[PDB]
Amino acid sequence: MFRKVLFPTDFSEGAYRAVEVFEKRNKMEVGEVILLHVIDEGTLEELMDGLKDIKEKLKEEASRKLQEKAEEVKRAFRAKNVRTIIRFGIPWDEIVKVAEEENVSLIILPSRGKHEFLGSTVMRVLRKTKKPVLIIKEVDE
């Protein structure tokens, strides 16, 4: 069951805490960790009402950050193997997609995209997906 875990990162300090948390809670070994960022194509379209090739500059900001970061996440988990995916569309829409595509074993979402209020893109994947999913919050007391 952590044979092939996928972990979507919006880049939140939220998203960043959840790797630490997991490292605190998990002592179990993980297979592979597909680490994913989807570029929010509706933020891009919230910049315009505000050429759509901030895109390429957007891929690189991601591509960069993400490979700058995939080593941290492999270890924070106890995963033998990490890969990275960039993606462009709606997050929960691209997540569910990736998980089916790569035949992932489980999906690990930080609870708060952004207490006890669940983020929206988590709530949605969480209903649109056939894979199982493990939400994580913060460390204990």
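Residues carry their position along the shown sequence, with the first being 1.
K.L.:
Might you work out how many residues are unmodelled in the deposited sequence between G50 and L51, and answer none, 1 to 3, 4 to 9, or 10 or more?
P.N.:
Missing in between: 10 or more residues.
K.L.:
Between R83 and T84, what class does the number of missing deposited residues fall in: none, 1 to 3, 4 to 9, or 10 or more?
P.N.:
Nothing is missing.
K.L.:
Averaging CA B factors per stretch from the PDB record, which one is higher: 129-137 or 13-21?
P.N.:
According to the entry, 13-21 carries the higher average C-alpha B-factor.
K.L.:
Select between 38-46 and 75-83 the stretch whose C-alpha atoms have the higher average B-factor in the entry.
P.N.:
Here the higher of the two C-alpha B-factor means belongs to 38-46.
K.L.:
Whose CA atom has the top B-factor in the entry, of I54, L106, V98, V33?
P.N.:
Highest CA B-factor of the listed options: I54.
K.L.:
Identify, among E29, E116, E94, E102, the residue whose C-alpha carries the highest B-factor in the deposited PDB entry.
P.N.:
Going by the entry's C-alpha B-factors, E116 comes out highest.
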